[PDB]
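Presented below is the structure to which this report refers.
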2 protein chains.
Amino acid sequence: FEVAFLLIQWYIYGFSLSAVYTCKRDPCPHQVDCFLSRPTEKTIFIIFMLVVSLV
Amino acid sequence: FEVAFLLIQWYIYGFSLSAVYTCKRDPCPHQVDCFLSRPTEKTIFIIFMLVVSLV
Ligand SMILES: CCCCCCCCCCCCCC
Ligand SMILES: CCCCCCCCCCCCCC
Ligand SMILES: CCCCCCCCCCCCCC
Ligand SMILES: CCCCCCCCCCCCCC
Ligand SMILES: CCCCCCCCCCCCCC
Ligand SMILES: CCCCCCCCCCCCCC
Ligand SMILES: CCCCCCCCCCCCCC
Ligand SMILES: CCCCCCCCCCCCCC
């Protein structure tokens with residue numbers, strides 16, 4: 001259960017977060033720019049919870 | 001002067017007007033949709049002034 005939950009997160013998300021996202025869904029016209037909330041503080045806590053599950 | 005002014009308008013504009021324009025300049029992000037004012041009434045008067053200059 002520890003290995004299987006680490007492989008789903010590597011496939012879906014990765015292990016960081018960027019500040020600007022580019023979205024191509026509907027009803028939005030062509031492509032839009034969207035901005036995230038605290039993308040640097042969240043990246044620090046993603047790496048803290050990776051080392052805990054590897055130990 | 002009548003022929004030279006008809007060839008510049010055929011090259012720049014054409015002889016009609018559409019309702020939705022797609023713009024790719026700066027500072028706009030990617031591509032946006034822009035909407036014109038009375039695009040059908042103006043197309044009727046573009047063709048009236050074409051027949052006058054051809055007669
Ligand atoms: C151990 C509990 C995890 C259950 C896994 C079931 C599959 C999860 C979906 C797989 C991702 C699909 C993305 C297209
Ligand atoms: C955008 C720059 C992010 C910098 C990431 C720094 C992460 C430090 C986390 C320390 C984890 C160590 C656990 C013992
Ligand atoms: C320069 C940006 C680096 C971002 C990742 C930093 C990770 C360093 C911390 C590793 C902790 C390992 C503890 C065993
Ligand atoms: C952007 C991703 C950076 C990942 C760097 C951290 C890797 C963790 C290595 C140390 C793990 C300690 C296991 C005991
Ligand atoms: C008879 C007066 C017309 C003057 C014509 C001078 C050239 C006009 C510009 C040509 C179009 C350039 C588009 C790139
Ligand atoms: C979008 C549909 C536009 C229909 C254009 C109709 C143009 C009629 C103009 C008549 C010109 C005749 C001059 C004698
Ligand atoms: C179906 C849309 C047709 C649009 C153009 C119509 C132009 C017809 C009028 C031509 C006038 C010619 C008078 C000599
Ligand atoms: C969308 C453009 C339609 C143009 C149709 C009208 C062409 C004009 C033909 C009649 C001209 C009369 C000259 C004497």
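Within each chain, counting starts at residue 1; across the structure tokens, chains are named A, B, ... in the order shown, with ligands numbered 1 upward in that order.
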
Contact residues (chain B, partner chain A, 12 Å, only C-alpha atoms) as a PyMOL selection string: chain B and resi 22-24+28-34

Written file, previous selection with N, CA, C and O atoms, as a CSV table (one decimal), in the first residue's frame:
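The result, written out as result.csv:
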chain,number,residue,atom,x,y,z
B,22,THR,N,-10.7,36.9,-34.6
B,22,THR,CA,-9.7,36.2,-33.7
B,22,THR,C,-8.4,36.9,-33.8
B,22,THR,O,-7.7,37.0,-34.8
B,23,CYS,N,-7.9,37.4,-32.6
B,23,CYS,CA,-6.8,38.4,-32.5
B,23,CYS,C,-5.7,37.7,-31.8
B,23,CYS,O,-5.8,37.0,-30.7
B,24,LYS,N,-4.5,37.9,-32.3
B,24,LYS,CA,-3.2,37.4,-31.7
B,24,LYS,C,-2.1,38.4,-31.6
B,24,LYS,O,-1.1,38.3,-32.2
B,28,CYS,N,-2.2,40.7,-25.2
B,28,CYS,CA,-3.2,39.7,-25.0
B,28,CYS,C,-2.6,38.3,-24.9
B,28,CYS,O,-1.7,38.0,-25.7
B,29,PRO,N,-3.1,37.5,-24.0
B,29,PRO,CA,-2.6,36.1,-23.8
B,29,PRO,C,-3.2,35.2,-24.9
B,29,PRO,O,-4.4,35.2,-25.1
B,30,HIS,N,-2.4,34.3,-25.5
B,30,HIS,CA,-2.7,33.4,-26.6
B,30,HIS,C,-3.7,34.0,-27.6
B,30,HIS,O,-3.2,34.8,-28.4
B,31,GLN,N,-4.9,33.6,-27.7
B,31,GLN,CA,-5.9,34.1,-28.7
B,31,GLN,C,-7.2,34.5,-28.0
B,31,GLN,O,-7.6,33.7,-27.1
B,32,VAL,N,-7.8,35.5,-28.5
B,32,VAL,CA,-9.1,36.0,-27.9
B,32,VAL,C,-10.1,36.1,-29.0
B,32,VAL,O,-9.8,36.2,-30.2
B,33,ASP,N,-11.4,36.2,-28.6
B,33,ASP,CA,-12.5,36.4,-29.5
B,33,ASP,C,-13.0,37.8,-29.4
B,33,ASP,O,-13.3,38.2,-28.3
B,34,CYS,N,-13.2,38.5,-30.5
B,34,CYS,CA,-13.7,39.9,-30.5
B,34,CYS,C,-14.9,40.0,-31.4
B,34,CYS,O,-15.0,39.3,-32.4

Shell of 12 Å around residue 54 in chain A, only C-alpha atoms, local chain residues under 5 positions omitted, as a list in words: residues 2, 3, 5, 6, 47, 48 and 49 of chain A

Range 7-20 of chain A surroundings by only C-alpha atoms, 6 Å radius, close-in-sequence under 2 positions cut, as an MDAnalysis selection string: chainID A and resid 4:5 34:36 39 43
